[PDB]
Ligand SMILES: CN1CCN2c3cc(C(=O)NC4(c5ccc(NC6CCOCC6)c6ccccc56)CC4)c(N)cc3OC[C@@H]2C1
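Form deposited without the ligand, single chain, as structure tokens, below.
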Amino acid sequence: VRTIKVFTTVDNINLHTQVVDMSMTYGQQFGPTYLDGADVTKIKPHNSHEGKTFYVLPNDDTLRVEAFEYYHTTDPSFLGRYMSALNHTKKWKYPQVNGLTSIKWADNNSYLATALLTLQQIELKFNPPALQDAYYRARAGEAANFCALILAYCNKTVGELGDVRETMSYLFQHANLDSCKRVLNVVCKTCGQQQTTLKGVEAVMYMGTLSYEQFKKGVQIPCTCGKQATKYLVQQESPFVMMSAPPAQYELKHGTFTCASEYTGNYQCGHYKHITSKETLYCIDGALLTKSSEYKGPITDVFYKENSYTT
């Protein structure tokens, strides 16, 4: 008999009018239900809920299409994981540090801070509307939805150990890198030379050396014949490149790179910091900021500006 009007949604844009019975839980009426990230499935409607928007899972064809068009995923657990993360990230603080949105440390989130800082320094356009909209808000300082989307797209929960390289790979999958192109040549003194072309995400990421100049000069890799061959960059067309390696002591020189991530710890436990090269070297550690003219530390990922390179 007693009812309120609420709206359900999967994208927080398209609303769906509902009349709910205040004697039944939201779960009994909608399935799993969330109010700005909080799980209200086991709760009965409150007077204050009238007119508010609730997220639900895509449980009919209209919602399935809305959810795919907004998020570009059909993983059945995506919206519940996004909501579970948002209930935490909405409580984080996002200070402006040296002109960039950072994240005050909470919930083991240092890998997310350095990823967020990196994104604001490289040219990248996302494809899912969810990421376009949330990234716009993040740049303005309201990064809770963007951070909870990063967790959901990477299948990481709040508090879980994350890797910056893997996180960036997920975000780049959902970005328009279609025009990026990389040409490599591999030279074996026994077998001869082989050229390879890479496209998209694989054209901007490399694992094995932090140094873009070393990649141009040549890096040693195994050949199937048993000798060590040399791999070198012949041609690059992209607005940035990302060079990654297992953490190692490495010296970062002012003016020779855009930004970098530093990892202190081991394979089970550690902490990330961000280094950015501007008028000097700034080290951003969540809300914390220090400066130096030189920098040495256990670097894992370095980003460089690019446009067009030909050997």
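Residue numbers here begin at 1 and follow the sequence given.
Novice: On mean C-alpha B-factor from the PDB entry, just flag whether 86-94 or 216-224 is the higher one.
Specialist: So the stretch with the higher mean C-alpha B-factor is 216-224.
Novice: Mean C-alpha B factor from the entry: is it higher for 111-119 or for 182-190?
Specialist: Higher mean C-alpha B-factor in the PDB entry: 182-190.
Novice: So if I compare the CA B-factors in the entry for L289, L15, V19, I299, which one is the largest?
Specialist: The listed residue with the largest C-alpha B-factor is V19.
Novice: Against its chain's modelled residues, does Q132's Cα B factor rank lowest, middle or highest third?
Specialist: It falls in the bottom third of the chain.
Novice: Going by the recorded CA B-factors, say which third of the chain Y267 sits in, lowest, middle or highest.
Specialist: For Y267, whose C-alpha B-factor we compare with every modelled residue in the chain, the answer is the highest third.
Novice: For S102, does the deposited CA B-factor place it in the lowest, middle or highest third of the chain?
Specialist: Lowest third.
Novice: Among the chain's modelled residues, which third holds the C-alpha B-factor of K273?
Specialist: Its C-alpha B-factor, which the entry lists for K273, ranks in the lowest third among residues of this chain.
Novice: Please place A248 in the lowest, middle or highest third of its chain by C-alpha B factor as given in the entry.
Specialist: For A248, the deposited C-alpha B-factor lands in the highest third.
Although it is not shown, the form deposited with the ligand bound is what the next lines describe.
Novice: Out of the stretches listed (138-146, 116-124, 90-98, 156-164), which one is close to the ligand in the bound PDB entry, meaning heavy atoms within 4.5 Å?
Specialist: Selected stretch: 156-164.
Novice: Of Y282, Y263, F30, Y55, which residue is found within 4.5 angstroms of the ligand in the bound PDB entry when only non-hydrogen atoms are counted?
Specialist: Exactly one listed residue reaches within 4.5 Å, namely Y263.
Novice: Taking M207, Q268 and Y272 as the candidate spot, are all three within 4.5 angstroms of the ligand in the bound PDB entry by heavy atoms?
Specialist: Every residue of the candidate spot has a heavy atom within 4.5 Å of the ligand in the bound PDB entry.
Novice: Whether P246 contacts the ligand in the bound PDB entry should be assessed with a 4.5 Å heavy atom distance threshold; does it?
Specialist: Flag for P246 set to yes.
Novice: Even though the chain is shown alone, can you say which residues of 289-311 have a heavy atom within 4.5 Å of the ligand in the bound PDB entry?
Specialist: The one in contact is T300.
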